[PDB]
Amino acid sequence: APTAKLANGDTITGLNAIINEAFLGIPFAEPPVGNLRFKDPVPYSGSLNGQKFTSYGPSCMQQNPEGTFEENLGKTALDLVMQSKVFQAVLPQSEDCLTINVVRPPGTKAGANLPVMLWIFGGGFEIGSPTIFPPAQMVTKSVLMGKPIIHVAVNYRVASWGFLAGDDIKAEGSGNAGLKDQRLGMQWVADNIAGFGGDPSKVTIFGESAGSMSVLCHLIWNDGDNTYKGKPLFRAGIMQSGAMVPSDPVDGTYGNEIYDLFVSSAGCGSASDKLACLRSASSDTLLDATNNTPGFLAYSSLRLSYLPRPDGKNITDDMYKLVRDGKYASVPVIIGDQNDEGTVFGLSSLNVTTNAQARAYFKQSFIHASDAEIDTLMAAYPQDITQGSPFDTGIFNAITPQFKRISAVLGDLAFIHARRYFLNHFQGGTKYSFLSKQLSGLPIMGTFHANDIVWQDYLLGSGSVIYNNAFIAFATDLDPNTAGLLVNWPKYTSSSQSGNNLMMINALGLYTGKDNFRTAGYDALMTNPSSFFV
């Protein structure tokens, strides 16, 4: 019964879920299969008139997080689970996965002109899909606050299929395919969303983790040109854990190293035209090859095999440099973090137990860093177990003498101080920042990376007034304060400003604070960001 009219005039039918109306599995691009593998997506051209969209399509192919070229039980066990029929029955995957999803308040009709919140899932640029991030909580809340919004989730290619790099990809101009899928989805929204009751001039893009870093990539995309048909694609962005990607270009050292290993595992090591050889390999061969390169939970940890990289075309340069140079879209922004971002990633190196070992690991991970730089970093992030993450836990959580130390560095470099760097240089619009400590006390993990997904999509907690209410107010009014919070959210200007510039969250509620913690670490990492690029 719920129906919507697309830009071409097609009339589609959806699912009435009582609490909302969903249109799930709408294709937005041609299947990037066979000879279209690794290439920019192609707009869908067929007709959908008369078709019904009542269920989530399959996720793009997924890389085993324990994947690696070494043989280990974690990799194997994980393969057994993902490849099992029950798992494949619950969470199906396919290379034919470029679909978009629209969920709206009950009774919405075209012409409602409601703000749109476009969700970009995260998953290490290696796993994930819109299916595991239910929008009901966000949609119900916007109705209750009398500020209804339309939730749009776009699917995009992950791992090798969406982020293969190296000299061949570069030469062909096929870099950052997965970000191009997201960019096409945004154009699909600009063209079609009105028919669903949405206002295309009121789009706020938001994502968590790799999805958050994706949001930043969209601000600096095409050197800050976010227009399509002369109009902005989005008017605001929200970043939940992640800003700049600390990465070398598509044709750099590790981009080629991973590419060579992928090609060899694919059995294309002898082809003179390896891309052509990859494009005709079976789906299982490419899957096995991908799982033979390191996954995000493997020892390599955040030194990712697949991630966005400057390609000289769409991401014209070092992302830190682009933000420093003013090459971004001029939109207001909300960016925040979870107190203990690094704890899950610190679990990947529990065999690093001595200071010498920790030094070697950092050396191995940051190939452009000098001894002197590695020295300043290890001085700024001491072995002292009270200093590490989970933060403020004293002598607790010391699985090994380096765990808390390694966790602190990874979380700061990848998420926390990267956020500070962004806020100190971004002058494109009003900035608001938050820091959550909602789970202080949770053994080992603390206020871990991605716990915000639980409070935003699954359960109500103290953080939910931020993750739902505050975000919906921002999408609607460009000010999180219209949410009617008990604590005013102060604008952020710089980390060295006078008073409180951070909205904080604890188990009891909100309070404000300052973004002035671990400044030695910030200087050790952000003085010359590129020294720590992967």
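Just count from 1 along the sequence shown to find any residue number.
Annotation for 83-91 versus 445-453: the higher mean temperature factor (C-alpha) is found in 83-91. Comparing 391-399 with 334-342, the higher mean C-alpha B-factor in the PDB entry belongs to 391-399. Looking at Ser265, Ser349, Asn176, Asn226, the one whose CA carries the top B-factor in the deposited record is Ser265.
Between the residues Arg235, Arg324, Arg405, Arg419, the entry's highest C-alpha temperature factor is the one at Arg324. Among the modelled residues of the chain, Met61 sits in the lowest third by CA temperature factor in this PDB entry. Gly128: CA B factor lies in the highest third for its chain, per the PDB record. Among all modelled residues in this chain, the alpha-carbon of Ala483 has a temperature factor (C-alpha) in the highest third.
Ranked against the other modelled residues of its chain, the C-alpha B-factor of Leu184 as given in the entry falls in the middle third. Sorting the modelled residues of the chain by their CA temperature factor places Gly513 in the lowest third.
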